[PDB]
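Structure first, commentary second.
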Amino acid sequence: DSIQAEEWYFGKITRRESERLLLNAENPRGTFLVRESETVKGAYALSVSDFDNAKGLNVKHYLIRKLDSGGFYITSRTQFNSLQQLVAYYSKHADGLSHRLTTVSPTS
């Protein structure tokens, strides 16, 4: 399964575009997508709707680094063979994120 086949993989969308999709008040907390990183060439960003105690609705952006040796991580101690495995893991428990992944971003 290539990442391009996954409903949560948005590719080369901007950070601004990810926020426009995810700040929808209809979206459950933990609505998410994965995009190419605009900051680190070859990395990915996990963008996730959130509700903060002081700031209210917001989008969290987590940098997914790529090891040249193979594999992906948001934290160095927690490595995955694929972005699909990373998504599945953070869908079960936050483990470091503000909130677990709950909902694949609508296409808006």
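Just remember, in the structure tokens the first chain shown is A, the second B, etc., residues are 1-based per chain, and ligands are 1-based in the order shown.
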
All residues 12 Å or closer to residue 78 (chain A), only C-alpha atoms, same chain fewer than 2 positions away omitted, as number ranges by chain: A: 64-65, 71-76, 80-81, 85-86, 89-90, 95-96

Picked from region 1-97 of chain A by DSSP as helix (DSSP H, G or I), as number ranges by chain: A: 3-5, 15-22, 83-92

Within 6 Å of region 23-30 of chain A using only C-alpha atoms, minus same-chain residues under 4 positions, as a VMD selection string: chain A and resid 19 48 to 50 100 to 102

Residue 17 (chain A) surroundings by only C-alpha atoms, 12 Å radius, close-in-sequence under 5 positions cut, as a ChimeraX atom specification: /A:10-12,22-24,33,35,38,47,59,105,107-108

Pull C-alpha atoms from the residues just selected and write them as a PDB file, in the first residue's frame.
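Resulting contents of part28.pdb:
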ATOM      1  CA  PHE A  10      -2.814  14.939   1.425  1.00  0.00           C
ATOM      2  CA  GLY A  11       0.705  15.235  -0.083  1.00  0.00           C
ATOM      3  CA  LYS A  12       1.922  18.748  -1.094  1.00  0.00           C
ATOM      4  CA  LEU A  22      -9.023  20.963  10.093  1.00  0.00           C
ATOM      5  CA  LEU A  23     -10.386  24.123  11.931  1.00  0.00           C
ATOM      6  CA  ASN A  24     -13.985  23.141  10.815  1.00  0.00           C
ATOM      7  CA  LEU A  33      -4.069  14.458   7.778  1.00  0.00           C
ATOM      8  CA  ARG A  35       1.269  16.203   4.332  1.00  0.00           C
ATOM      9  CA  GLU A  38       7.162  22.630   4.137  1.00  0.00           C
ATOM     10  CA  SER A  47      -1.701  17.952  11.249  1.00  0.00           C
ATOM     11  CA  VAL A  59      -4.376  22.752  14.672  1.00  0.00           C
ATOM     12  CA  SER A 105      -9.856  14.919   7.494  1.00  0.00           C
ATOM     13  CA  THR A 107     -11.800  16.545   1.718  1.00  0.00           C
ATOM     14  CA  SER A 108     -13.217  20.211   1.879  1.00  0.00           C
TER      15      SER A 108
END

Region 1-82 of chain A: residues DSSP assigns to strand (DSSP E or B), reported as a PyMOL selection string: chain A and resi 9-11+31-36+44-52+56-66+72-75+78-80
